[PDB]
file model_14.txt (compact mmCIF, C-alpha atoms and all ligand atoms)
# COMPACT_ATOMS: atom_id res chain seq x y z
CA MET A 1 142.55 61.61 162.42
CA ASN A 2 140.38 58.76 161.08
CA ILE A 3 138.43 60.40 158.30
CA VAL A 4 136.01 59.24 155.56
CA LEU A 5 135.12 61.35 152.48
CA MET A 6 131.84 60.77 150.72
CA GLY A 7 130.28 62.60 147.78
CA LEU A 8 128.73 61.95 144.38
CA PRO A 9 130.99 61.21 141.36
CA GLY A 10 132.82 64.43 140.45
CA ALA A 11 132.06 66.24 143.73
CA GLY A 12 135.81 66.68 144.44
CA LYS A 13 136.74 63.82 146.84
CA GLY A 14 140.14 63.10 145.23
CA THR A 15 140.95 66.82 144.92
CA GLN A 16 140.23 67.32 148.64
CA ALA A 17 141.91 64.01 149.60
CA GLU A 18 145.22 65.12 148.04
CA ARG A 19 145.18 68.29 150.12
CA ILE A 20 144.18 66.51 153.38
CA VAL A 21 147.02 63.99 152.98
CA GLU A 22 149.59 66.76 152.27
CA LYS A 23 148.45 68.91 155.19
CA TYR A 24 147.79 66.26 157.85
CA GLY A 25 150.13 63.36 157.00
CA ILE A 26 147.69 60.41 157.02
CA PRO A 27 147.59 57.78 154.26
CA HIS A 28 145.11 58.00 151.40
CA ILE A 29 142.93 54.83 151.00
CA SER A 30 140.90 54.92 147.77
CA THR A 31 138.83 51.91 146.69
CA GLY A 32 138.70 53.46 143.20
CA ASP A 33 142.53 53.56 143.03
CA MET A 34 142.92 50.02 144.39
CA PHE A 35 140.43 48.61 141.84
CA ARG A 36 141.92 50.48 138.83
CA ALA A 37 145.43 49.38 139.80
CA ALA A 38 144.19 45.74 139.99
CA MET A 39 142.44 46.20 136.62
CA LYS A 40 145.68 47.50 135.05
CA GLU A 41 147.47 44.41 136.37
CA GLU A 42 144.56 42.23 135.17
CA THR A 43 144.46 40.15 138.39
CA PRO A 44 141.43 37.91 139.17
CA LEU A 45 140.16 40.61 141.55
CA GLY A 46 140.86 43.26 138.89
CA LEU A 47 139.10 41.19 136.18
CA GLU A 48 136.10 40.74 138.54
CA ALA A 49 136.01 44.45 139.43
CA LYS A 50 136.36 45.67 135.81
CA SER A 51 132.92 44.30 134.87
CA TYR A 52 131.20 46.57 137.38
CA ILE A 53 133.53 49.55 137.09
CA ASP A 54 133.20 49.70 133.28
CA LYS A 55 129.40 49.93 133.58
CA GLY A 56 129.56 52.58 136.34
CA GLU A 57 128.12 50.04 138.81
CA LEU A 58 129.31 49.40 142.39
CA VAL A 59 131.74 46.49 142.90
CA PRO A 60 130.04 43.91 145.26
CA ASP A 61 130.27 44.69 149.02
CA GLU A 62 132.16 41.53 149.98
CA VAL A 63 135.29 41.98 147.84
CA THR A 64 135.27 45.72 148.53
CA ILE A 65 135.16 45.37 152.38
CA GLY A 66 137.88 42.78 152.11
CA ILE A 67 140.40 44.99 150.33
CA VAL A 68 139.74 47.88 152.74
CA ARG A 69 140.08 45.63 155.83
CA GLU A 70 143.39 44.39 154.36
CA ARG A 71 144.63 47.95 153.68
CA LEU A 72 143.69 49.14 157.21
CA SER A 73 145.63 46.29 158.76
CA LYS A 74 148.88 47.90 157.50
CA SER A 75 151.10 49.62 160.06
CA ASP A 76 150.79 53.14 158.60
CA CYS A 77 147.05 53.36 159.43
CA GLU A 78 147.91 53.42 163.14
CA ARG A 79 148.31 57.23 162.97
CA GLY A 80 145.07 57.71 161.03
CA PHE A 81 143.83 57.44 157.47
CA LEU A 82 141.71 59.13 154.84
CA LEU A 83 139.17 56.74 153.24
CA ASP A 84 138.04 58.12 149.91
CA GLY A 85 134.97 56.65 148.25
CA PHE A 86 134.47 53.98 150.92
CA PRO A 87 132.05 53.21 152.39
CA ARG A 88 129.48 53.86 149.74
CA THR A 89 126.69 51.51 150.85
CA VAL A 90 125.21 51.07 154.34
CA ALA A 91 126.46 47.44 154.43
CA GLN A 92 129.99 48.74 153.85
CA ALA A 93 129.52 51.37 156.59
CA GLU A 94 128.31 48.74 159.08
CA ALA A 95 131.25 46.42 158.33
CA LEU A 96 133.65 49.37 158.64
CA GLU A 97 132.23 50.25 162.09
CA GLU A 98 132.89 46.71 163.25
CA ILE A 99 136.42 46.53 161.75
CA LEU A 100 137.35 49.88 163.33
CA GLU A 101 135.87 48.81 166.70
CA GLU A 102 138.12 45.72 166.62
CA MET A 103 141.11 47.82 165.56
CA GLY A 104 140.36 50.55 168.17
CA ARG A 105 140.37 53.25 165.48
CA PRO A 106 136.85 54.69 165.25
CA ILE A 107 135.97 57.34 162.66
CA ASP A 108 136.36 60.94 163.79
CA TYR A 109 134.39 62.53 160.94
CA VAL A 110 132.60 61.57 157.80
CA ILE A 111 132.93 64.62 155.51
CA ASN A 112 130.18 64.82 152.86
CA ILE A 113 131.26 67.06 149.92
CA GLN A 114 128.03 68.47 148.43
CA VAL A 115 127.78 69.64 144.84
CA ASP A 116 124.58 70.22 142.79
CA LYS A 117 124.08 67.17 140.56
CA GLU A 118 123.69 69.40 137.48
CA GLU A 119 127.40 70.34 137.82
CA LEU A 120 128.81 66.81 137.95
CA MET A 121 128.69 65.86 134.24
CA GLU A 122 130.98 68.78 133.26
CA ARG A 123 133.24 68.04 136.26
CA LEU A 124 133.90 64.56 134.95
CA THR A 125 133.89 65.05 131.18
CA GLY A 126 136.37 67.93 131.44
CA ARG A 127 138.63 66.05 133.88
CA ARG A 128 142.23 65.19 132.98
CA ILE A 129 144.37 62.97 135.22
CA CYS A 130 148.16 62.56 135.56
CA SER A 131 149.25 59.08 134.39
CA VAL A 132 152.26 59.21 136.78
CA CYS A 133 150.86 60.58 140.09
CA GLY A 134 147.08 60.49 139.56
CA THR A 135 146.43 64.13 140.43
CA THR A 136 143.45 65.61 138.61
CA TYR A 137 142.99 68.75 136.58
CA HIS A 138 140.03 70.25 134.73
CA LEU A 139 140.26 71.87 131.32
CA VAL A 140 137.96 74.69 132.41
CA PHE A 141 138.04 74.84 136.21
CA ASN A 142 141.58 73.74 137.06
CA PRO A 143 143.85 73.48 134.00
CA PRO A 144 147.48 72.33 134.08
CA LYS A 145 150.23 74.97 133.58
CA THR A 146 151.18 73.33 130.26
CA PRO A 147 148.37 71.67 128.28
CA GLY A 148 148.48 67.87 128.41
CA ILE A 149 151.18 67.57 131.13
CA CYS A 150 151.29 67.47 134.93
CA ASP A 151 152.59 70.48 136.92
CA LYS A 152 154.35 68.23 139.44
CA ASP A 153 156.22 65.62 137.37
CA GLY A 154 155.71 66.38 133.66
CA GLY A 155 153.66 63.19 133.26
CA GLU A 156 151.19 62.88 130.40
CA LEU A 157 147.55 63.66 131.25
CA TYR A 158 144.75 61.23 130.26
CA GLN A 159 140.95 60.85 130.48
CA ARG A 160 139.64 58.19 132.88
CA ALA A 161 137.92 55.34 131.02
CA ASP A 162 134.71 55.71 133.05
CA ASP A 163 134.48 59.50 132.42
CA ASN A 164 132.53 59.13 129.14
CA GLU A 165 129.01 60.68 129.22
CA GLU A 166 127.14 57.33 129.15
CA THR A 167 129.12 55.85 132.04
CA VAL A 168 128.87 59.10 134.07
CA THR A 169 125.06 59.03 133.77
CA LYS A 170 125.05 55.51 135.21
CA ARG A 171 127.58 56.30 137.93
CA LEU A 172 125.38 59.23 139.04
CA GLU A 173 122.19 57.14 139.17
CA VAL A 174 123.87 54.29 141.10
CA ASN A 175 125.44 56.51 143.77
CA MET A 176 122.51 58.94 144.20
CA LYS A 177 120.48 55.92 145.44
CA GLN A 178 122.98 55.56 148.27
CA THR A 179 123.11 59.16 149.42
CA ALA A 180 120.10 59.28 151.79
CA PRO A 181 120.72 55.97 153.60
CA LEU A 182 124.48 56.65 154.15
CA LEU A 183 123.74 60.19 155.35
CA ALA A 184 121.07 58.79 157.70
CA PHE A 185 123.51 56.11 158.92
CA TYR A 186 126.28 58.58 159.82
CA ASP A 187 124.06 61.42 160.98
CA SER A 188 122.86 58.87 163.55
CA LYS A 189 126.45 58.15 164.71
CA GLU A 190 127.04 61.94 165.11
CA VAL A 191 130.18 62.03 162.92
CA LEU A 192 128.66 63.55 159.74
CA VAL A 193 129.84 66.96 158.59
CA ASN A 194 128.59 68.58 155.35
CA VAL A 195 130.88 70.73 153.25
CA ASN A 196 129.97 72.97 150.30
CA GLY A 197 132.01 71.54 147.42
CA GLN A 198 130.61 74.18 145.06
CA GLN A 199 133.40 76.72 145.70
CA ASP A 200 136.90 77.36 144.42
CA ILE A 201 139.13 74.35 145.35
CA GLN A 202 141.09 76.31 148.01
CA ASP A 203 137.79 77.52 149.54
CA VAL A 204 136.38 74.00 149.85
CA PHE A 205 139.72 73.05 151.47
CA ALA A 206 139.50 76.08 153.83
CA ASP A 207 136.21 74.58 155.11
CA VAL A 208 137.75 71.08 155.38
CA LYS A 209 140.60 72.57 157.48
CA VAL A 210 138.11 74.10 159.92
CA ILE A 211 136.90 70.52 160.68
CA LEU A 212 140.21 68.63 160.60
CA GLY A 213 142.27 71.40 162.31
CA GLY A 214 139.93 71.03 165.31
CA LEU A 215 141.05 67.48 166.06
CA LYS A 216 143.45 67.08 168.99
CA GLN A 217 144.98 63.84 170.21
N1 LIG A 301 133.40 51.52 148.05
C1 LIG A 301 133.13 51.07 146.78
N2 LIG A 301 132.19 50.11 146.64
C2 LIG A 301 131.86 49.62 145.43
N3 LIG A 301 132.44 50.06 144.33
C3 LIG A 301 133.38 51.04 144.38
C4 LIG A 301 133.75 51.56 145.64
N4 LIG A 301 134.69 52.50 145.41
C5 LIG A 301 134.91 52.55 144.09
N5 LIG A 301 134.12 51.67 143.47
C6 LIG A 301 134.13 51.49 141.98
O1 LIG A 301 135.20 52.21 141.36
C7 LIG A 301 134.65 53.25 140.52
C8 LIG A 301 135.47 54.53 140.66
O2 LIG A 301 135.38 55.00 142.03
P1 LIG A 301 136.09 56.32 142.44
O3 LIG A 301 137.40 56.38 141.83
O4 LIG A 301 135.88 56.42 143.90
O5 LIG A 301 135.20 57.45 141.66
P2 LIG A 301 133.99 58.33 142.16
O6 LIG A 301 133.53 58.11 143.53
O7 LIG A 301 132.99 58.37 141.07
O8 LIG A 301 134.73 59.77 142.11
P3 LIG A 301 135.68 60.47 141.06
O9 LIG A 301 137.09 60.17 141.25
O10 LIG A 301 135.05 60.26 139.73
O11 LIG A 301 135.47 62.02 141.43
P4 LIG A 301 135.97 62.89 142.68
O12 LIG A 301 134.79 63.32 143.44
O13 LIG A 301 137.10 62.24 143.34
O14 LIG A 301 136.50 64.13 141.77
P5 LIG A 301 137.87 64.84 141.51
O15 LIG A 301 138.41 65.36 142.77
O16 LIG A 301 138.78 64.06 140.65
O17 LIG A 301 137.24 66.11 140.78
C9 LIG A 301 136.38 65.94 139.67
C10 LIG A 301 136.83 67.01 138.59
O18 LIG A 301 136.44 68.32 139.10
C11 LIG A 301 137.57 69.18 139.25
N6 LIG A 301 137.30 69.81 140.53
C12 LIG A 301 137.52 69.30 141.78
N7 LIG A 301 137.06 70.18 142.69
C13 LIG A 301 136.54 71.25 142.03
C14 LIG A 301 135.93 72.44 142.44
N8 LIG A 301 135.78 72.74 143.75
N9 LIG A 301 135.48 73.31 141.47
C15 LIG A 301 135.62 73.02 140.17
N10 LIG A 301 136.21 71.89 139.75
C16 LIG A 301 136.68 71.00 140.66
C17 LIG A 301 138.76 68.25 139.23
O19 LIG A 301 139.90 68.99 138.82
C18 LIG A 301 138.34 67.14 138.30
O20 LIG A 301 138.54 67.55 136.93
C19 LIG A 301 133.24 53.45 141.04
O21 LIG A 301 132.37 54.02 140.02
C20 LIG A 301 132.85 52.02 141.35
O22 LIG A 301 132.65 51.23 140.14
MG MG A 302 138.49 60.44 143.00
ZN ZN A 303 151.68 64.08 138.13
call {"tool": "encode", "arguments": {"input": "model_14.txt", "output": "structure tokens"}}
result
Amino acid sequence: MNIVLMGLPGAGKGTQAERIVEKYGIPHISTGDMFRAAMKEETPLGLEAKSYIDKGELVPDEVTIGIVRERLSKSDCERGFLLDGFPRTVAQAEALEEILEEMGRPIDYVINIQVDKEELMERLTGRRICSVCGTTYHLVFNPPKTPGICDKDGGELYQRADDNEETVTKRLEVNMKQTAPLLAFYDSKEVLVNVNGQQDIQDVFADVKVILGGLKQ
């Protein structure tokens, strides 16, 4: 159960990741989360990352590969893991292959969550996130039970700093450039599976379960 999720900004990676972790019991590894946590702490790594993240640009490959290698070296990853939003360049994918070869933990599937690009702006601009647990809601498509607060813990919802229209436009341009080469990389390795992310959340997850329920040790 060594799984990677890829998809354009807003496609539903984090929404699916939360459900995969709950169902299958493997740790969530999100480069986005790691960077934003480091930003909040204002560490040298965080202060370096912030410059890129704020513009909607990719953080350099070197630092990014480093933090993922470090995370994967932790004991919990022995049972599997769910990488969310990494790799997102071919150089990251190549380094990952080598790391996982050394570790003896090769990827089972790369799940590509496909959503029409024309949908992604509204996905992001309408997104609200729990400040306590980080789960995501959508004011139109997936609202909380009580406006402004999280169903699970009562935490206050907020809007991610990079979810403004101008930053979203950039984030979409940057990552769309990467789509064809990464798809070509993993289609080659015969681990790529496409899922239709343009469905109700539980229906996208139904399709994810078809794939992940098939895995046997
Ligand atoms: N490897 C790397 N290398 C270099 N730099 C890196 C890097 N990784 C990260 N970075 C940097 O860090 C930044 C942030 O990265 P990261 O945090 O990875 O952001 P991202 O990839 O842009 O993805 P998002 O979290 O924005 O969206 P998602 O697809 O997870 O959507 P969600 O499930 O919340 O859903 C979106 C919204 O839609 C709603 N929703 C979800 N599913 C559905 C559905 N099926 N139907 C309707 N609505 C839905 C949700 O409720 C929510 O409101 C990057 O821009 C970059 O600067
Ligand atoms: Mg996410
Ligand atoms: Zn919460």
call {"tool": "residues_near_ligand", "arguments": {"input": "model_14.txt", "ligand": "ligand LIG 301 (chain A)", "cutoff": "7 Å", "atoms": "only C-alpha atoms and all ligand atoms", "output": "tab-separated table (two decimals) with C-alpha atoms, keeping the file's coordinate frame"}}
result
chain	number	residue	atom	x	y	z
A	7	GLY	CA	130.28	62.60	147.78
A	8	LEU	CA	128.73	61.95	144.38
A	9	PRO	CA	130.99	61.21	141.36
A	10	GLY	CA	132.82	64.43	140.45
A	11	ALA	CA	132.06	66.24	143.73
A	12	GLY	CA	135.81	66.68	144.44
A	13	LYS	CA	136.74	63.82	146.84
A	14	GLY	CA	140.14	63.10	145.23
A	15	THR	CA	140.95	66.82	144.92
A	16	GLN	CA	140.23	67.32	148.64
A	30	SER	CA	140.90	54.92	147.77
A	31	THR	CA	138.83	51.91	146.69
A	32	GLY	CA	138.70	53.46	143.20
A	33	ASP	CA	142.53	53.56	143.03
A	35	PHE	CA	140.43	48.61	141.84
A	52	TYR	CA	131.20	46.57	137.38
A	53	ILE	CA	133.53	49.55	137.09
A	56	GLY	CA	129.56	52.58	136.34
A	57	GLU	CA	128.12	50.04	138.81
A	58	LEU	CA	129.31	49.40	142.39
A	59	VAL	CA	131.74	46.49	142.90
A	60	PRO	CA	130.04	43.91	145.26
A	61	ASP	CA	130.27	44.69	149.02
A	64	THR	CA	135.27	45.72	148.53
A	84	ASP	CA	138.04	58.12	149.91
A	85	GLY	CA	134.97	56.65	148.25
A	86	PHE	CA	134.47	53.98	150.92
A	87	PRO	CA	132.05	53.21	152.39
A	88	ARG	CA	129.48	53.86	149.74
A	123	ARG	CA	133.24	68.04	136.26
A	124	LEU	CA	133.90	64.56	134.95
A	126	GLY	CA	136.37	67.93	131.44
A	127	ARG	CA	138.63	66.05	133.88
A	128	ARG	CA	142.23	65.19	132.98
A	136	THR	CA	143.45	65.61	138.61
A	137	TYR	CA	142.99	68.75	136.58
A	138	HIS	CA	140.03	70.25	134.73
A	141	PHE	CA	138.04	74.84	136.21
A	142	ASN	CA	141.58	73.74	137.06
A	171	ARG	CA	127.58	56.30	137.93
A	197	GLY	CA	132.01	71.54	147.42
A	198	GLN	CA	130.61	74.18	145.06
A	199	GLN	CA	133.40	76.72	145.70
A	200	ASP	CA	136.90	77.36	144.42
A	201	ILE	CA	139.13	74.35	145.35
A	204	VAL	CA	136.38	74.00	149.85
call {"tool": "closest_atom_pairs", "arguments": {"input": "model_14.txt", "of": "region 62-93 of chain A", "to": "region 176-187 of chain A", "cutoff": "10 Å", "atoms": "only C-alpha atoms", "output": "JSON lines"}}
result
{"residue": "A:87", "atom": "CA", "partner": "A:182", "partner_atom": "CA", "distance": 8.5}
{"residue": "A:88", "atom": "CA", "partner": "A:178", "partner_atom": "CA", "distance": 6.9}
{"residue": "A:89", "atom": "CA", "partner": "A:178", "partner_atom": "CA", "distance": 6.1}
{"residue": "A:90", "atom": "CA", "partner": "A:182", "partner_atom": "CA", "distance": 5.6}
{"residue": "A:91", "atom": "CA", "partner": "A:182", "partner_atom": "CA", "distance": 9.4}
{"residue": "A:92", "atom": "CA", "partner": "A:182", "partner_atom": "CA", "distance": 9.6}
{"residue": "A:93", "atom": "CA", "partner": "A:182", "partner_atom": "CA", "distance": 7.7}
call {"tool": "write_last_selection", "arguments": {"input": "model_14.txt", "atoms": "C-alpha atoms", "output": "tab-separated table (two decimals), keeping the file's coordinate frame"}}
result
chain	number	residue	atom	x	y	z
A	87	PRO	CA	132.05	53.21	152.39
A	88	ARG	CA	129.48	53.86	149.74
A	89	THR	CA	126.69	51.51	150.85
A	90	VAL	CA	125.21	51.07	154.34
A	91	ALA	CA	126.46	47.44	154.43
A	92	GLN	CA	129.99	48.74	153.85
A	93	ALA	CA	129.52	51.37	156.59
call {"tool": "closest_residue", "arguments": {"input": "model_14.txt", "among": "A:195, A:149, A:206, A:212", "to": "ligand ZN 303 (chain A)", "atoms": "all atoms listed in the file"}}
result
A:149
call {"tool": "closest_residue", "arguments": {"input": "model_14.txt", "among": "A:43, A:2, A:164, A:135", "to": "ligand MG 302 (chain A)", "atoms": "only C-alpha atoms and all ligand atoms"}}
result
A:135
call {"tool": "closest_residue", "arguments": {"input": "model_14.txt", "among": "A:158, A:17, A:3, A:103", "to": "ligand MG 302 (chain A)", "atoms": "all atoms listed in the file"}}
result
A:17
call {"tool": "residues_near_ligand", "arguments": {"input": "model_14.txt", "ligand": "ligand ZN 303 (chain A)", "cutoff": "9 Å", "atoms": "all atoms listed in the file", "output": "PyMOL selection string"}}
result
chain A and resi 129-136+149-157
call {"tool": "closest_residue", "arguments": {"input": "model_14.txt", "among": "A:81, A:54, A:189, A:160", "to": "ligand MG 302 (chain A)", "atoms": "only C-alpha atoms and all ligand atoms"}}
result
A:160
call {"tool": "residues_around", "arguments": {"input": "model_14.txt", "residues": "residue 27 (chain A)", "least_positions_apart": "6", "cutoff": "9 Å", "atoms": "all atoms listed in the file", "output": "JSON, numbers by chain"}}
result
{"A": [21, 76, 77, 79, 80, 81, 82, 83]}
call {"tool": "atom_distance", "arguments": {"input": "model_14.txt", "atom1": "CA of residue 40 (chain A)", "atom2": "CA of residue 161 (chain A)"}}
result
11.7 Å
call {"tool": "residues_around", "arguments": {"input": "model_14.txt", "residues": "residue 20 (chain A)", "least_positions_apart": "4", "cutoff": "9 Å", "atoms": "all atoms listed in the file", "output": "tab-separated table (two decimals) with C-alpha atoms, keeping the file's coordinate frame"}}
result
chain	number	residue	atom	x	y	z
A	16	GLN	CA	140.23	67.32	148.64
A	24	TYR	CA	147.79	66.26	157.85
A	25	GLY	CA	150.13	63.36	157.00
A	26	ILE	CA	147.69	60.41	157.02
A	28	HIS	CA	145.11	58.00	151.40
A	82	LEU	CA	141.71	59.13	154.84
A	205	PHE	CA	139.72	73.05	151.47
A	208	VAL	CA	137.75	71.08	155.38
A	209	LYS	CA	140.60	72.57	157.48
A	212	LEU	CA	140.21	68.63	160.60
call {"tool": "atom_distance", "arguments": {"input": "model_14.txt", "atom1": "CA of residue 69 (chain A)", "atom2": "CA of residue 99 (chain A)"}}
result
7.0 Å
call {"tool": "closest_residue", "arguments": {"input": "model_14.txt", "among": "A:62, A:207, A:101, A:162", "to": "ligand MG 302 (chain A)", "atoms": "all atoms listed in the file"}}
result
A:162
call {"tool": "closest_residue", "arguments": {"input": "model_14.txt", "among": "A:49, A:6, A:211, A:1", "to": "ligand MG 302 (chain A)", "atoms": "all atoms listed in the file"}}
result
A:6
call {"tool": "atom_distance", "arguments": {"input": "model_14.txt", "atom1": "CA of residue 214 (chain A)", "atom2": "CA of residue 115 (chain A)"}}
result
23.8 Å
